[PDB]
Amino acid sequence: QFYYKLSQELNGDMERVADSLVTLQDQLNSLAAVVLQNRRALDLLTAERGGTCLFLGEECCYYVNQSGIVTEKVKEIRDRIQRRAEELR
Amino acid sequence: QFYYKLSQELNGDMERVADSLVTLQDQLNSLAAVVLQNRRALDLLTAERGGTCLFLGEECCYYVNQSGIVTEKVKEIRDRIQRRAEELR
Amino acid sequence: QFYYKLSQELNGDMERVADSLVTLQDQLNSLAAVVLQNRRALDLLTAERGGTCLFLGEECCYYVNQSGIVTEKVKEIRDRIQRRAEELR
Ligand SMILES: [Cl-]
């Protein structure tokens, strides 16, 4: 009875966490496409100056997309919630 | 006794998760305002070329703000922690 | 027996959540460095116009980096998982 309740409490919290993680990654994917397009525009505008980084006289900053990691963790979390929901039923 | 302990363990973890989710969304909100201002500047600098996208000769990337989703999930999580803390007291 | 199982269920979920939080913050750190470099390039390109914000005729958008907050919450979560794993063994 207490195992049933706590398992349901954990699943309800984790469902909300998994939805938030997906949404945070979705916004990062959305924002990064705008940022990378902005960089491409800056590289063309400063082409004669060797692009953005040479124009500023700095080391280049590159974006490291790690979306597949968060996608995989969310899939594992959702599998665990589903396995626990089935154990109950 | 074990139900009391596990309920407290879950609430402590979830409080920390909810704080992190809020903070990740806050940083995304903060970063997106800088990115959108950067895009507006690029659109003005390339106005004669039809703006950023026509200047690059690409399909436009737009940002999809989904802050309200994460805000809502965090509010539900915090309500669930509070309901459980009250059940204990 | 039920306390052992639920404690293991919570640790498995939270390990995955903590990994996702770190990864979301890592991508935000990575993206912000590209965005801030983009802003520096725009400030130099619009120097005669007083920089990006004066060029657009807008209030300046600044990025509020809160990485240390998420790093700290992840460290506390991982400490809690480890304390619980030890309580079991
Ligand atoms: Cl940008």
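Read-outs: derived from the displayed coordinates by stated rules, not from any lab. Neighbour counts are summed over all protein chains in view; Cβ atoms, including those assigned to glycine, are modelled from backbone coordinates with ideal geometry.
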- [ ] Can you pull the one-decimal nm distance between simple spin-label points at C:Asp26 and A:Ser67, each 7 Å off the Cα toward Cβ?
- [x] 1.7 nm
Open item on the list: Taking a cut-off of 30 Å, what percent of all Cα-Cα pairs in the protein assembly as shown are separated by more than that?
Closed with: 39 percent
Open item on the list: Which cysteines in chain B lack any other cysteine whose Cβ sits under 4.7 Å from their own Cβ?
Closed with: B:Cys61
Task: Of the chymotrypsin sites (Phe, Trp or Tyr not before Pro) in the stretch B:54-89, those whose Cβ has at most 15 other Cβ within 10 Å and which sit in DSSP loop - done: B:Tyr62
TODO: Determine, from the Cβ-Cβ distance of B:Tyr4 and A:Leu44 and an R0 of 41 Å, the FRET efficiency 1/(1 + (r/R0)^6), rounded to the nearest 0.05.
DONE: 0.05
TODO: Mind sorting C:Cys61, B:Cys60 by how few other Cβ atoms lie within 10 Å of their own Cβ, fewest first?
DONE: B:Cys60, C:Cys61
Task: Rounded tilt (10° steps) of B:67-88 against the dominant C-alpha axis of chain B - done: 10 degrees
Task: For chain B, convex hull volume per residue from C-alpha positions, Å³ - done: 92 Å³
Open item on the list: Just checking the output field for B:69-80: average partner chain Cβ neighbours within 10 Å of each residue's Cβ?
Closed with: 4
- [ ] Using only Cα atoms, tell me the angle between helix B:2-45 and the longest principal axis of chain B; keep it within 0 to 90° and round to the nearest 10.
- [x] 10 degrees
Task: Length-normalised contact order of chain C in % [C-alpha pairs under 8 Å, at least 6 apart] - done: 45 percent
Task: Reach of A:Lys75 by Cα under 19 Å, taken over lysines that are not fewer than 8 positions away in the same chain - done: B:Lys73
